[PDB]
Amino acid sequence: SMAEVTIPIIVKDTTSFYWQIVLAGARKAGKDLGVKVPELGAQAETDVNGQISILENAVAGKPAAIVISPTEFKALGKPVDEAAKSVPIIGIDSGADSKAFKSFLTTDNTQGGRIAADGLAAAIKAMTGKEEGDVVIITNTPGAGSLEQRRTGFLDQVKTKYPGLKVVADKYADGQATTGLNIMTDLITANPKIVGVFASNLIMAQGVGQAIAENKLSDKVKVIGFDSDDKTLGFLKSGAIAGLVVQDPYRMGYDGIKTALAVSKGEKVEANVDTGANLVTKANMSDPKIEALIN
């Protein structure tokens, strides 16, 4: 509108429940603060070109600022540098190879991987009495800032703290839950010693959880996932998933827009905001802080 600035938000994938939570936050902020917030994004996290094109087009429209969740770390570096020459850019969720961001709101993704490692070890110990056995990691797609950090944090913690755990597979999907499902089924049928799995985002949690639920493997294979939705929360209760590391996507959207507005007015903002991570299990999913995060 007239006399009201425009601050687009560009998410990785508009069809994902996780990104829909981010967009809900951004939307509410737009309403609260009197900012027009176009809700932008490709329909797949793997559509990196799609995101770059959307960023270029949003830049060309001369908005006051842009909030973006860069879909791939290296590929978004230069596009963000370019955008930043004319529009301030606020990052959320997942890093890019650019120092041009005015602020960044994100989970500490390396710590999130460490938290997942601890949760997986604990789950294996409850099942078997000890922290030993073959485990796997399954990652939605390669090259994402958030996911590569979760992978690192997990692998590092396993290596130093859980020497009885052996990482026997480190697999990447193509951004689809069904591929997660198929990878999980393939992995286990081939290596029946697998006792544990880290599924490092919502999409992989959906697919891996589905594989464990459908095959009645909850008492043999412990899954730690990320994020939350109806399906994955169902798996947490049913036992198909042992734990979910839950982030604050609503705040990333809300405080992303709020921060971008402040930057657009020339206000000094914090460079980095840690939006937090919590391991959610059956034992704590009703804790009031947690309930507010998983709804």
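Numbers for residues come from their place in the sequence shown, where the first is 1.
Across the two stretches, 210 to 218 and 189 to 197, the PDB entry reports the greater mean Cα temperature factor for 189 to 197. Between 149 to 157 and 95 to 103, the higher mean Cα B-factor belongs to 95 to 103. Looking only at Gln247, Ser69, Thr259, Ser238, the residue with the top Cα B factor in the deposited structure is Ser238.
When all modelled residues of the chain are sorted by CA temperature factor, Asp170 is found within the lowest third.
When the modelled residues of the chain are ordered by C-alpha B-factor, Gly243 sits in the lowest third.
Looking at the C-alpha B-factors along this chain, the one for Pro79 belongs to the middle third. The PDB entry assigns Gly133 a C-alpha temperature factor belonging to the middle third of its chain's modelled residues. Split the chain's modelled residues into thirds by C-alpha temperature factor. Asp32 is in the highest one.
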